[PDB]
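K.L.:
Chains as they are written, first to last, in this note's numbering: chain W, -17 to 169; chain L, 19 to 316.
The beta carbon of each residue, even a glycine, is placed where N, CA and C say it ideally should be.
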Amino acid sequence: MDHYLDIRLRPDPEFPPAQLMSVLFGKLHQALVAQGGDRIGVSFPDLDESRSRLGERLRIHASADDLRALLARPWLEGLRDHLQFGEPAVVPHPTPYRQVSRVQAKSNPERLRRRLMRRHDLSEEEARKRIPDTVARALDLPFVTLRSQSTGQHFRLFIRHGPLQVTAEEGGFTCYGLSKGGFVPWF
Amino acid sequence: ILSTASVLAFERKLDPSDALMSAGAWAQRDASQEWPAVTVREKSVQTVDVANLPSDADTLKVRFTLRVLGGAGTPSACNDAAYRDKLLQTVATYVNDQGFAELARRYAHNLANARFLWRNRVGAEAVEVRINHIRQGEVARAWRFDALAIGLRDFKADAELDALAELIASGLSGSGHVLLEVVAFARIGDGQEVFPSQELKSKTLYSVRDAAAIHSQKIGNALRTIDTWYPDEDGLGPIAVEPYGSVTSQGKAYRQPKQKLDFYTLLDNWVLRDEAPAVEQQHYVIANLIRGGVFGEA
């Protein structure tokens, strides 16, 4: 994956950039479940780790045929007025390589309590005795908010840009474009 | 000396209605008179209000009517009669030089693209807006657009859009009663989330009678996104017409009074000291007079 395509959120008087970034990420995810495979990687070039902000840019990492297919496919319908685009081009080098991975946290003690009750046949009080409320961990990481279509929930999807490395390795990506082993050029 | 008057009250022209949202199925949009409504239900997460399409419905029918009044310059309350005559002659000079032709084209564009669908548009794959001019109760002239072809940023001329602009121009000039019916269909998804207006259990959704809806002022704010004549930076599109034209969601105040491009100094220059601005800034102050409000000091 030596090719990239930058997408920057146009400023909108109607919307904040986080809402636009989340609906763009959901539509990219739906485009990848429509496409299939594990070869599509994402990034956030104007990231702010300190303020936990994604920035205002998103960058896809793939081959050029994937970029020209995704630049005209109807997952960009209704956002071309919200979005300005670049051109499908080759990445610069030398670049450090890092991973973009979805991090999940045990954020609700009661759901894991109900799982322990389902898998150990305990009552509610044994689940509260075995699992306290200190267990709940909150991440200090930026996030998109996503509407599931299988189930009906709205959940925060916390992303982590991994450590910078001098070389990249093989692997795939999930249907959200996040690394389950793959690496992306970071520039 | 012709000082400005103490109170001015401009009635709201371009009066919209509450946008009732119902749902249904695509490819039968001409059968959309008995479609079931999108109700607001409670779902426990705390207690929030959320509203979705039914599990056999993939499009949203937002319906409202828009009444265009006309007589844009005439205030309904004013003290200084001399200021009233000067403002009347100023708006008369404006409409005599050029009628409501650019402003009606921009209002027709904001009706054409479904910008009154606020959040229900951005994930849509296809939007179709039907506008029926209703005189005497049945129909006078029917329209049908693709709201995704007409983007939100650009203003592009057309055959039917200029006809709609001529109708709204005839309305705003005081030369004919115009009542429109604006219906919009948007392919959102089967059972997806719609976004009605949000009422002040932290979250409550607006509904007139067991059926979700958008506020009338939200549709009125979406129709006023015609201002392209502010000092433009960052690649921002048209904003809603406002004195000190500001974006709360952006937190930025374009047309600040440090520059001479706000509504109030422009109006005082155009009426009192006879300093006519450019055609776009007088377009902007006539759009502010169409929007209405209370203007004047204590």
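So with CB distances below 8 Å, who are the chain W contacts of residue 139 of chain L?
P.N.:
Stepping through the second sequence from its first residue, residue 139 of chain L is reached at position 121. The answer, in chain order, is 60.
K.L.:
Note the first and the last residue of the continuous beta strand (DSSP E) segment covering residue 79 of chain L.
P.N.:
For the purposes of this step, residue 79 of chain L is identified with residue 61 of the second sequence, where counting begins at 1. Residues 77 to 86.
K.L.:
Write down every uninterrupted run of the beta strand (DSSP E) in the stretch 189 to 269 of chain L whose length is 3 residues or greater and which is fully enclosed by it, in chain order.
P.N.:
Qualifying beta strand (DSSP E) stretches, in chain order: 196 to 205 and 243 to 245.
K.L.:
List the DSSP bridge partners of residue 62 of chain L.
P.N.:
Sequence index remark: in the second sequence, residue 62 of chain L carries index 44 (1-based). In the DSSP output, where bridge partners are listed per residue, residue 62 of chain L has L:65.
K.L.:
Do we get a CB-CB distance below 7 Å when we pair residue 267 of chain L with the residues of chain W?
P.N.:
Residue mapping note: residue 267 of chain L aligns to position 249 of the second sequence, counting from 1. So yes, residue 267 of chain L belongs to the interface.
K.L.:
Could you spell out the range, first to last residue, of the beta strand (DSSP E) harbouring residue 99 of chain W?
P.N.:
Here residue 99 of chain W corresponds to residue number 117 of the first sequence, with the count starting at 1. Element bounds for residue 99 of chain W: not the beta strand (DSSP E) but the alpha helix (DSSP H), 91 to 102.
K.L.:
Are residue 310 of chain L and residue 29 of chain L close, meaning C-beta to C-beta below 7 Å?
P.N.:
On the second sequence, residue 310 of chain L is found 292 positions in, with the first residue counted as 1. On the second sequence, residue 29 of chain L is found 11 positions in, with the first residue counted as 1. Yes. Within cutoff.
K.L.:
Does chain L have any CB closer than 7 Å to the CB of residue 129 of chain W?
P.N.:
Stepping through the first sequence from its first residue, residue 129 of chain W is reached at position 147. So, interface residue.
K.L.:
In whole angstroms, what is the alpha-carbon distance linking residue 160 of chain L and residue 47 of chain L?
P.N.:
Taking the second sequence and counting its residues from 1, one reaches residue 160 of chain L at position 142. Taking the second sequence and counting its residues from 1, one reaches residue 47 of chain L at position 29. Using only the alpha carbons, I get a separation of about 14 Å.
K.L.:
Using a beta-carbon distance below 7 Å, is residue -8 of chain W in contact with chain L?
P.N.:
Indexing the first sequence from 1 puts residue -8 of chain W at position 10. True, the Cβ-Cβ gap to chain L drops below 7 Å.
K.L.:
Hey, is residue 47 of chain W's beta-carbon within less than 7 Å of any beta-carbon in chain L?
P.N.:
The residue labelled residue 47 of chain W in the question sits at position 65 within the first sequence. No, residue 47 of chain W does not count as interfacial toward chain L.
K.L.:
So with Cβ pairs under 7 Å, would you call residue -2 of chain W a contact of chain L?
P.N.:
Working through the first sequence from its first residue, we reach residue -2 of chain W at position 16. Judged by the 7 Å Cβ criterion, residue -2 of chain W is in contact with chain L.
K.L.:
Quick one: using the 10 Å Cβ neighbour count with 16 as the cut-off for buried, is residue 227 of chain L buried or exposed?
P.N.:
As a first step, residue 227 of chain L is located in the second sequence; it is residue number 209 there, counting from the start. Exposed: under 16 other Cβ atoms inside 10 Å.
K.L.:
Could you give the DSSP three-state label for residue 39 of chain L: helix, strand or coil?
P.N.:
As a working note, residue 39 of chain L is residue 21 in the second sequence. Three-state DSSP puts residue 39 of chain L in a strand.
K.L.:
If residue 213 of chain L and residue 288 of chain L are in contact, beta carbons under 8 Å, what's the gap, nearest whole angstrom?
P.N.:
Looking up residue 213 of chain L in the second sequence gives position 195. Looking up residue 288 of chain L in the second sequence gives position 270. Not a contact, Cβ separation roughly 39 Å.
K.L.:
Would you mind stating whether residue 144 of chain W and residue 81 of chain W have Cβ atoms separated by less than 7 Å?
P.N.:
Position 162 of the first sequence, counting from 1, holds the residue named residue 144 of chain W. Position 99 of the first sequence, counting from 1, holds the residue named residue 81 of chain W. Taking 7 Å as the Cβ cut-off, residue 144 of chain W and residue 81 of chain W qualify as a contacting pair.
K.L.:
Does the Cβ of residue 134 of chain L have 16 or more other Cβ atoms within 10 Å, making it buried, or fewer, making it exposed?
P.N.:
In the second sequence, residue 134 of chain L corresponds to position 116, counting from 1. The residue in question, residue 134 of chain L, is buried, as its Cβ has 16 or more Cβ neighbours within 10 Å.
K.L.:
Using a Cβ-Cβ cutoff of less than 7 Å, which residues in the same chain neighbour residue 121 of chain W once the five nearest sequence positions on both sides are dropped?
P.N.:
Numbered from 1 along the first sequence, position 139 holds the residue referred to as residue 121 of chain W. Excluding positions up to five away in sequence, the list reads 85, 87 and 140.
K.L.:
Three Cβ pairs or more, each shorter than 8 Å: is that satisfied between the stretch 126 to 139 of chain W and the stretch 62 to 69 of chain W?
P.N.:
Contact fails: fewer than three Cβ-Cβ distances are below 8 Å.
K.L.:
Express the C-alpha separation of residue 43 of chain W and residue 181 of chain L in angstroms, rounding to a whole number.
P.N.:
By 1-based counting over the second sequence, the position of residue 181 of chain L is 163. By 1-based counting over the first sequence, the position of residue 43 of chain W is 61. Approximately 46 Å between the Cα atoms of the pair.
K.L.:
For the putative contact between residue 31 of chain L and residue 88 of chain L, defined by C-beta atoms under 8 Å, what is the C-beta separation to the nearest angstrom?
P.N.:
One-based indexing of the second sequence puts residue 31 of chain L at position 13. One-based indexing of the second sequence puts residue 88 of chain L at position 70. The Cβ separation is near 7 Å, so the contact holds.
K.L.:
If you draw a straight line from the C-alpha of residue 239 of chain L to the C-alpha of residue 34 of chain W, how long is it?
P.N.:
Here the question's residue 239 of chain L lines up with position 221 in the second sequence. Here the question's residue 34 of chain W lines up with position 52 in the first sequence. If I take the Cα positions, the gap works out to 32 Å.
K.L.:
The stretch 76 to 95 of chain W: which residues have C-beta closer than 8 Å to a C-beta of chain L, in chain order?
P.N.:
Here the close residues number zero.
K.L.:
Using a Cβ-Cβ distance under 7 Å, would residue 30 of chain W count as near chain L?
P.N.:
Translated into the one-based positions of the first sequence, residue 30 of chain W becomes position 48. Not closer than 7 Å to any Cβ of chain L, the Cβ of residue 30 of chain W fails to qualify, so no.
K.L.:
From residue 130 of chain L to residue 168 of chain L, what does the alpha carbon distance come to, in whole angstroms?
P.N.:
Position 112 of the second sequence, counted from the start, is the residue given in the question as residue 130 of chain L. Position 150 of the second sequence, counted from the start, is the residue given in the question as residue 168 of chain L. Taking the straight line joining both Cα atoms gives about 7 Å.
K.L.:
Rounded C-beta distance between residue 247 of chain L and residue 282 of chain L? I'm assuming under 8 Å.
P.N.:
Looking up residue 247 of chain L in the second sequence gives position 229. Looking up residue 282 of chain L in the second sequence gives position 264. Contact doesn't hold; Cβ gap of about 16 Å is too wide.
K.L.:
Determine the direct distance from the alpha carbon of residue 216 of chain L to that of residue 222 of chain L, and round the result to whole angstroms.
P.N.:
As a working mapping, residue 222 of chain L is identified with position 204 in the second sequence. As a working mapping, residue 216 of chain L is identified with position 198 in the second sequence. Going by the C-alpha atoms only, they are around 6 Å apart.
K.L.:
I need the DSSP call for residue 11 of chain W, collapsed to helix, strand or coil.
P.N.:
For the purposes of this step, residue 11 of chain W is taken as the residue at position 29 of the first sequence. Reduced to three states, the DSSP call for residue 11 of chain W is helix.
K.L.:
When the Cα atoms are used, what is the spatial distance from residue 233 of chain L to residue 141 of chain L?
P.N.:
Walking along the second sequence from the start, residue 233 of chain L turns up at place 215. Walking along the second sequence from the start, residue 141 of chain L turns up at place 123. The alpha-carbon atoms of residue 233 of chain L and residue 141 of chain L are separated by roughly 21 Å.
K.L.:
Tell me whether residue 48 of chain L sits in a helix, a strand or coil according to DSSP, three-state version.
P.N.:
Position 30 of the second sequence, counted from the start, is the residue given in the question as residue 48 of chain L. Correct three-state label for residue 48 of chain L: helix.
K.L.:
Since residue 146 of chain L is in the beta strand (DSSP E), which residue starts that stretch and which ends it?
P.N.:
Indexing the second sequence from 1 puts residue 146 of chain L at position 128. It spans 145 to 151 - the beta strand (DSSP E) in which residue 146 of chain L sits, taken as one unbroken run.
K.L.:
Where do the N-terminal and C-terminal ends of the alpha helix (DSSP H) with residue 283 of chain L fall, by residue?
P.N.:
As a first step, residue 283 of chain L must be located in the second sequence, where it is residue number 265. Per DSSP, residue 283 of chain L belongs to the alpha helix (DSSP H) from 281 to 289.
K.L.:
Please list the residues of the stretch 97 to 128 of chain W that have a C-beta atom closer than 8 Å to any C-beta atom in chain L, keeping them in chain order.
P.N.:
Residues: none.
K.L.:
Can you pull the chain L residues whose beta carbon is under 7 Å from the beta carbon of residue 64 of chain W, in chain order?
P.N.:
Position 82 of the first sequence, counted from the first residue, corresponds to residue 64 of chain W. Neighbours of residue 64 of chain W on chain L, chain order: 140.
K.L.:
Could you have a look at residue 305 of chain L and say whether DSSP puts it in helix, strand or coil?
P.N.:
Walking along the second sequence from the start, residue 305 of chain L turns up at place 287. Reduced to three states, the DSSP call for residue 305 of chain L is helix.
K.L.:
Give every residue of the same chain whose Cβ lies closer than 6 Å to the Cβ of residue 27 of chain W, excluding the five residues on either side of it in the sequence, and list them in chain order.
P.N.:
Counting from 1 along the first sequence, the entry for residue 27 of chain W is found at position 45. Closer than 6 Å at Cβ, skipping near neighbours: 39 and 41.
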